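Topology and contacts: notes
Residues per chain, in single letters:
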Protein chains: 2
Amino acid sequence: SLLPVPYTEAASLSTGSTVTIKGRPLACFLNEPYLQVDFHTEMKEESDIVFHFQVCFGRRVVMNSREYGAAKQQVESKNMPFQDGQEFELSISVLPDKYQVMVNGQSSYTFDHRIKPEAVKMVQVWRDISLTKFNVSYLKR
Amino acid sequence: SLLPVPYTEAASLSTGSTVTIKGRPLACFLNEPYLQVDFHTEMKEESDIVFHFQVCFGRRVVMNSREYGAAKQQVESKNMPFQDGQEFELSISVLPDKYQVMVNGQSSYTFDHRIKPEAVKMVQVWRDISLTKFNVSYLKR
């Protein structure tokens, strides 16, 4: 719908930052659409990824980092707060020690920092969703 | 680019039919974009799938059917003729006993019929590609 997908925005993150995303899966859960959010160290898409978050709707969530070109230790969750056929609101907050992912207001996943959030230069949101809102907060010193 | 994605077209298939697709992945292979082609028994996206073909570019190909709502025996291939950053031409021919998948003119995958091709009513092409051509042949009795 409204925003282009794949969606790319330059971004800066530190403790207290929040990334808020509103969107809808492009297919029913039976067909297993995906959602992916990547926090990149450069504007180039092949750059390293401080935080990789990939939803297989209805099935599982996988999180990882890509450091010097190489995927690291994948963590997997079967927690699935997303609802079939529904619009979702996803917020990723940068806490001192981790990212916290809220889905529709509910804390759903966390991921300890492997690289300082200050290394992030770009956020990409892609795979099988439409996007109506993307926001990064910039109020903190 | 030119065609909408997810792309849905009503279709009829029998021995001698060919489905030809021309497109480009939306991301470099390092980021593992997907391509999926599904031959459905009805126009509804939740309908059964006579032939499910899913490319994880640079990694693997998975093929299956979905019968009465349930995924069946998955077959996996590591054959990867698709080239990083390149446009591809994919053709799926309906042979008497199987689907044959050509990639850029090269036979690359086959999949024995689990359900008669006559059950197909719809083809959907989706995931992380742009599409410039989709054609189904209709010349045979």
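In terms of determination method and resolution, the entry is listed under X-ray crystallography at 1.9980 Å.

Tallying secondary structure elements over chain A gives zero helices and 12 strands in all. Its helices and strands in sequence order give chain A the pattern β-β-β-β-β-β-β-β-β-β-β-β, from N to C terminus. Expected size for 141 residues packed as a compact globule is a radius of gyration near 14 Å; at 14 Å, chain A falls within 12% of this value. Taken along the three principal axes of its C-alpha coordinates, chain A extends 40 × 30 × 30 Å.

What follows concerns the side chain of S93 of chain B. All names here are of chain B. Tracing the backbone shows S93 in strand 8 (residues 88–94). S93 gets classed as buried once you look at its relative accessible area, which sits at 17%. Not counting chain neighbours up to four residues away, the residues in contact with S93 comprise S17, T18, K98, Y99 and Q100.

So, about the relation of the copies chain B and chain A. For the pair chain B and chain A, the superposition axis carries a translation of 0.0 Å, the fit reaches an RMSD of 0.0 Å, and the rotation angle comes to 180 degrees. Taken together, the rotation angle and the small translation identify this as a two-fold axis. Closest approach to the rotation axis within chain B is made by the C-alpha atom of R127 of chain B, at a distance of 3.2 Å. When the interface residues of chain B are mapped onto chain A, 100% of them again fall at the interface, so both copies present the same face.

Moving on, we get to the sheet that holds strand 9 (residues 98–103) of chain B. All names here are of chain B. Read across the sheet, five strands follow the order 10-9-8-2-12 without closing on themselves; strand pairing throughout is antiparallel. In this open sheet, the two edge strands, each paired with only one partner strand, are strand 10 (106–112) and strand 12 (129–136). Neighbour-to-neighbour, the strand axes of this sheet turn through a mean angle of 20 degrees, independent of strand direction.

Moving on, we get to the environment of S12 of chain A. Residues and elements named next belong to chain A. You can see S12 is positioned in the loop between strand 1 (7–10) and strand 2 (18–25). Distance in space between the C-alpha atoms of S12 and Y109 is 21 Å, their sequence separation being 97 residues. Beyond its immediate sequence surroundings of up to four residues, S12 is in contact with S17, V120, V136 and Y138.

The rules behind these values
Residues numbered from 1 in each chain as written, not as in the entry; some residues may be left out. Chains lettered and ligands numbered in written order. Heavy atoms only, no water. Residues with missing side-chain atoms left out of burial classes, pairs and counts. Helix = DSSP H or I, 4+ residues; strand = E, 2+ residues; numbered from the N terminus. Rg over C-alpha atoms; globule rule 2.2 N^0.38 Å. Buried < 20%, exposed > 50% of the residue type's maximum accessible area, 1.4 Å probe, protein only. Contact = heavy atoms within 4.5 Å. Least-squares fit on C-alpha atoms. Pairing = 2+ DSSP bridges. Axes fitted to C-alpha atoms, helices over the stretch in contact; angles between N-to-C directions.

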